[PDB]
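Working through the structure, step by step
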Amino acid sequence: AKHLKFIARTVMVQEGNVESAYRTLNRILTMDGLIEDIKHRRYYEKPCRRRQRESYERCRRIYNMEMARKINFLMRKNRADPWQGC
Amino acid sequence: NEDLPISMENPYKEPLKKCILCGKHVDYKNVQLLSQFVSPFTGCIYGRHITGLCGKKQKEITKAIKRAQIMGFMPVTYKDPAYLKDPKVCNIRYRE
Amino acid sequence: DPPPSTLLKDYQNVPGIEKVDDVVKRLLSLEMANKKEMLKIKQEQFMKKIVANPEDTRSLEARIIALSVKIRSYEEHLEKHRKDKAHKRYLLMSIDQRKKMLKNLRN
Amino acid sequence: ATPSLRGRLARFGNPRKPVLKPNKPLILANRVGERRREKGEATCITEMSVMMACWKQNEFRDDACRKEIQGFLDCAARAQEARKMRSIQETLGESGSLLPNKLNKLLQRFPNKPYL
Amino acid sequence: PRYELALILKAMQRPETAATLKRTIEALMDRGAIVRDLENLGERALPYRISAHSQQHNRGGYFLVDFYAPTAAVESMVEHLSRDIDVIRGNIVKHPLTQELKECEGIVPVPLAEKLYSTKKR
Amino acid sequence: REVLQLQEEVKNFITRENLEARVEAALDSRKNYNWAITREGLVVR
Amino acid sequence: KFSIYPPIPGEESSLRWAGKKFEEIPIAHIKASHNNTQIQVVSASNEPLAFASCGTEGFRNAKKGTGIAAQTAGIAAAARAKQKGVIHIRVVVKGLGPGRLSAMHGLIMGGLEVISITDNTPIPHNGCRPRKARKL
Amino acid sequence: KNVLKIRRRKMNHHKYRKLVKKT
Amino acid sequence: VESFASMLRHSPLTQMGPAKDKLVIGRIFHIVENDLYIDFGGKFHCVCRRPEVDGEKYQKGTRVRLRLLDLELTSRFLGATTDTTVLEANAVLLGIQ
RNA sequence: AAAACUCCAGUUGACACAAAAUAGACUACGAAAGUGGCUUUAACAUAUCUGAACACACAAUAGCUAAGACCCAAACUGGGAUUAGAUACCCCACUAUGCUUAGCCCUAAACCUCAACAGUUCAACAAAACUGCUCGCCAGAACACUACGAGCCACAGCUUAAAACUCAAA
Ligand SMILES: [Mg+2]
Ligand SMILES: [Mg+2]
Ligand SMILES: [Mg+2]
Ligand SMILES: [Mg+2]
Ligand SMILES: [Mg+2]
Ligand SMILES: [Mg+2]
Ligand SMILES: [Mg+2]
Ligand SMILES: [Mg+2]
Ligand SMILES: [Mg+2]
Ligand SMILES: [Mg+2]
Ligand SMILES: [Mg+2]
Ligand SMILES: [Mg+2]
Ligand SMILES: [Zn+2]
């Protein structure tokens, strides 16, 4: 309100692709976690539930990143069977 | 007996990795470096996974950013447009 | 209450002190310093006034003089900041801890 | 870099409150979750809009707005063929990475070992 | 202790700026300060519209007063700055170059937690 | 060493007798605390 | 060459749109609620030029909270902005309702040209407490 | 565990609060 | 007679030190389609893609040069008590000879 | 959807005694409760350990007394929907209350249901199995966070806390 009115969250259209610009805008807001904040602050989340949610998301982040290290570490051994008839 | 191994602390030990700001003094008046660790569009302080700062430095940059923005040194909702030109050190990728 | 014009313990043995300008005297005095430093001096003054060798810092008498200084400081705090329940616990625990060390020296 | 799990859980010897409260034991499964379906789309809405505009601006007469009508029909045909193409595409190959079944085959060849 | 005063003053001319800098520094020494230095970070646009003393300010002149003061003088200095109508924003902090920098050996690597669950079959 | 370093520094302190001249000198000077870091740990002033 | 970042008001900027710089192009404001989308076109000096919304264009209750309603409202607002002489427009959206891009598409179909998209959706830094969660 | 013992004590407490209000 | 400590000290996989970025000659010993199963000494074999340039000068027995990044390639994951070995080492094929 | 508002809505500018995006993928401080906007001042007991349910000091939320503040939220209440009914769930409005000051009240699934200090490497589920020492507690279910007595700024309260009848299990 007290800042400069048209710098924050502003994307410029190129050639006339307004679709390549809105998608970009939604992507910065998603990457900075603005969109999920709006969705989570439509209704008040009581602090007990805040702690429970923000613990479930952190456990999900830990587990997801571990299966991703395992999927990448073993996608090399998805090569053709070296000894076909054993 | 002469060719049996010997107790020593590990050679070929690489020196520990150091942070981009290790040994430098973070100050709240340094709105040029603080702005580097903020987001160009929303002004959001970046996390460790983007900055790559040690815990000491992520804490000093966060505290200096908050001090400068409440003191009248830094914009809150954007990166001062004068600094969308300095050396990028953050592992983020908005455009595609 | 040591006078505001007194000098810090770490600095009270520097050979050039009486010749220095009055601004430097004010700058390393106790006026332009904090309360934790008055307590260091009150613990070494009280030190010189009570104990034998003021250079032990590992004895019952020495530990009682140290706890007694924190107790005045916890008391001086609880007089302006009255509703500070955390520092009221420290004082009452410390009054209790002085009383214990006191007993073991009495005995 | 994965977030650490050093003193986050309620364990014996930990001098802290638990940072995390996992409802399942934090051990990697031998399985990968199945691929989620795509959701509702509401396609051809814009062209349908341009078609229905002509109708109300022209007493609901087709011969009045053949081109807008044709736009609606061709968007419908392209939407149906996009549905068929997308079905056969998601059956053929997942974009970039691999199918959940084949990844489960890989994870079945190098299983997790939570025991001794 | 040693303090730094970050002072955003009004966008003014040289005689008025010298007058208000003199006023603030005399207020400091009247409160009992030994002033170390005056710095001019310079006149620049404000990051946001700071409204102070019934005016809406868009630009301002940034100055630093490095000084030493007694522990019981910062509050009176803050009150004086709050009543000055040429000061846009004055803030007194402990001076950064009185906290010594610790040596950092480096980023000590953290391993993967172990012995978090039992080795039962399950 | 601390006392001697402080002695040499007090000669350049602002006093009542130094105030107007030092105010004008500050008004003519400018200090810049701004500096940027690179991906390598090197300052780009 | 191309920049996603906009021109800083006080600087040289070679970019123009029919003579006007970035700072005098009129602004369309799209408030996208969960039940309505409202588009108002104003000049750079805040002179109202066009205002349309789903309730204005005829959708009465829950059909207002649709993309087609915001498209129709955008077409109407673009029409009135054309009769006030507007070609180029900078778009600011406030909200996360159904008809955000739908209102943008309605403006482009009506015949206005978008050069910048801004998002002024209100996010408190923990101000007022919102409603209780619904037991839906 | 279930909450059946808690349920019995909950119903006991409710009937008491109703008697004290009533009497 | 040489003791095993002597055998080890004076051996070329004990004079190599840290395997990372050490150039090593190896011999292709199996080919599947375009995956060349090479050796280089060591306990494990490395598997490399067929270099399309000179892509017929890589046959069974050809001596090649490899960069070497690892000698066993393993890692422990979330619930694991031991490591997940891929029973293969990691190297980058630079060329022939 | 209706009811409601139209003293309404959008842009802009002035403007808080309320609440503290991001950082926070960090795991810190505190005895516990609790603590994550900025600045300053004061300040985080004990150079064995355990130990007060005959004490002293605290203790989320809710609540009481008195005087203030008011954006928002909201028990109660009223209106509108729903339903067989709907004293609910859904919508709208508004109060006690949440805030500050002063005093109470002294309770939580106050639980990480895992005691302090010192040390080591298998019933089932869960968060692997133990040793020394000390304190606290516990001994079928229900009656029973009950009765009675005592104490207490509590008076629809809190702590402590039975028995009779019944059952052959819980
Ligand atoms: Mg569970
Ligand atoms: Mg009506
Ligand atoms: Mg407050
Ligand atoms: Mg004890
Ligand atoms: Mg007790
Ligand atoms: Mg309300
Ligand atoms: Mg009220
Ligand atoms: Mg209480
Ligand atoms: Mg218990
Ligand atoms: Mg105990
Ligand atoms: Mg009870
Ligand atoms: Mg009772
Ligand atoms: Zn570092």
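Residues numbered from 1 in each chain as written, not as in the entry; some residues may be left out. Chains lettered and ligands numbered in written order. Part of a larger assembly, values for the part shown. Heavy atoms only, no water.

Method of determination for the deposited model, per the PDB record: cryo-EM, at 2.9 Å resolution.

**Focus: the pattern of salt bridges**
Considering all chains together, one arrives at 41 salt bridges over all chains under this definition. With a shortest N-O distance of 3.1 Å, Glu 88 of chain I and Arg 76 of chain A are connected by a salt bridge. Taken together, the residues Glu 88 of chain I in the loop between β4 (63–66) and β5 (93–96) and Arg 76 of chain A in the segment after α3 (47–73) connect one chain to another. Residue class for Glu 88 of chain I comes out buried when judged on its relative accessible area of 0%. Since its relative accessible area comes to 25%, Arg 76 of chain A is described here as partly exposed. For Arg 16 of chain F, the salt bridge is made with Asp 30 of chain E, and the minimal N-O distance between the two is 2.7 Å. With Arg 16 of chain F in the loop between α1 (2–10) and α2 (19–28) and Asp 30 of chain E in helix α1 (residues 14–31), this pair bridges two chains. Overall, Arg 16 of chain F belongs to the partly exposed group, its relative accessible area being 48%. (Salt bridge = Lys/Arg side-chain N within 4 Å of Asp/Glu carboxyl O. Helix = DSSP H or I, 4+ residues; strand = E, 2+ residues; numbered from the N terminus. Buried < 20%, exposed > 50% of the residue type's maximum accessible area, 1.4 Å probe, protein only.)

**Some thoughts on the sheet that holds strand β3 (residues 46–49) of chain I**
Residue and element names in this part refer to chain I. Overall, antiparallel pairing links the five strands, which are arranged β3-β2-β1-β4-β5 in an open sheet. The open sheet terminates on both sides in strands that have one partner only, identified here as β3 and β5. Each neighbouring strand pair of the sheet contributes to a mean axis angle of 45 degrees, computed without reference to strand direction. As paired elements, strand β1 (residues 24–32) and strand β2 (residues 35–38) share four bridges and run antiparallel to each other. Of the residues in β2, the one forming a bridge with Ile 28 is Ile 38. (Pairing = 2+ DSSP bridges. Axes fitted to C-alpha atoms, helices over the stretch in contact; angles between N-to-C directions.)

**Regarding the pairing of strand β5 (residues 113–119) of chain G**
In terms of burial, β5 of chain G is largely enclosed, as six of its seven residues are buried. By the bridge criterion, three bridges tie strand β1 (residues 10–12) of chain A to β5 of chain G in an arrangement that is antiparallel. Bridging from a neighbouring strand, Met 12 of chain A pairs with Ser 116 of chain G of β5 of chain G. One ladder, built from six bridges, connects strand β4 (residues 88–95) of chain G with β5 of chain G; its direction is parallel. Within the sheet, the bridge partner assigned to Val 91 of chain G lies in β5 of chain G and is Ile 117 of chain G. This β-α-β element, β4 of chain G to helix α3 (residues 100–110) of chain G to β5 of chain G, shows right-handed connectivity. (Right-handed = clockwise from strand over helix to strand, strands pointing away.)

**What about the layout of surface pockets?**
Put simply, the second largest pocket is a space of about 1,600 Å³. If you list the elements that add at least two residues to the lining of the second largest pocket, you get α3 (55–71) of chain B, α1 (22–28) of chain C, β1 (2–10) of chain E together with α1 of chain F. Here the lining of the second largest pocket gets seven residues from one element, more than from any other, and that element is α3 of chain B. Among the residues making up the lining of the second largest pocket, the classes are represented as 19 nonpolar, eight polar and 17 charged. (1 Å grid on protein atoms, 1.4 Å probe; cavity = no way out; pocket = protein on both sides within 12 Å on 5 of 7 lines; lining within 4 Å. Points joined across faces, edges and corners; volume = space filled by probe spheres on them. Nonpolar A, V, L, I, M, F, W, Y, C, P; charged D, E, K, R; others polar.)

**Remarks on the arrangement of the chains**
Take the 16 pairs of chains in contact: the one carrying the most contacts is chains A and G. You won't find any contact between chain F and chain G; their C-alpha atoms come no closer than 21 Å. (Contact = heavy atoms within 4.5 Å.)

**Some words on the nonpolar core**
By size, the foremost hydrophobic cluster in this structure holds 72 residues, and its most contacted members are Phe 37 of chain B together with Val 91 and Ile 117 of chain G. Counting residues per element, this core draws most heavily on helix α2 (residues 67–83) of chain G, at six residues. Residues within four places of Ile 117 of chain G in sequence aside, it is in contact with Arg 9, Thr 10, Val 11, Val 13, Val 18, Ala 21, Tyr 22 and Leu 25 of chain A together with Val 91 and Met 104 of chain G. Of all hydrophobic cores here, the second largest spans 28 residues; its members include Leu 9, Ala 18 and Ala 69 of chain E together with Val 23 of chain F. (Core = buried A, V, L, I, M, F, W, Y, C linked by side-chain atoms within 4.5 Å.)

**Focus: the protein's contact with RNA strand J**
Near RNA strand J there are 97 residues, and of these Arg 8 of chain D, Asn 126 and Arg 129 of chain G together with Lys 1 and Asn 12 of chain H occur at the shortest range. Within 4 Å of the protein, the contacting atoms of RNA strand J are 70% sugar and phosphate, with bases supplying the remainder. Taking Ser 118 of chain E, its main chain carries an N or O atom lying 3.4 Å from a phosphate oxygen of RNA strand J. Counting residues per element, the surface near RNA strand J draws most heavily on helix α4 (residues 85–106) of chain C, at ten residues. Looking at the surface near RNA strand J, its residues break down into 30 nonpolar, 26 polar and 41 charged. (Near = heavy atom within 4 Å. Polar contact = N/O pair within 3.5 Å; in protein donor to acceptor, adjacent residues only side chain to side chain.)

**Things to note about the interface of chain G and chain A**
Between chain G and chain A, the residue contacts involve 37 residues of the former and 24 residues of the latter. When chain G packs against chain A, the two sides together hide about 3,000 Å² of surface, and 68% of this comes from carbon and sulfur. In terms of surface lost to chain A, no three residues of chain G exceed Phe 2, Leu 96 and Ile 117 of chain G, which account for 21% of the buried area on that side. Scanning the region where chain G abuts chain A turns up zero salt bridges. Along the contact surface separating chain G from chain A lie eleven residue pairs in polar contact. Among the secondary structure elements, those contributing two or more residues to the side of chain G that touches chain A are β4, α3, β5 and β6 (131–132) of chain G. By residue number, the principal contributor to the side of chain G that touches chain A is β5 of chain G, which donates six residues. Split by residue class, the side of chain G that touches chain A holds 21 nonpolar, nine polar and seven charged. (Buried area = accessible area lost by both parts, 1.4 Å probe.)

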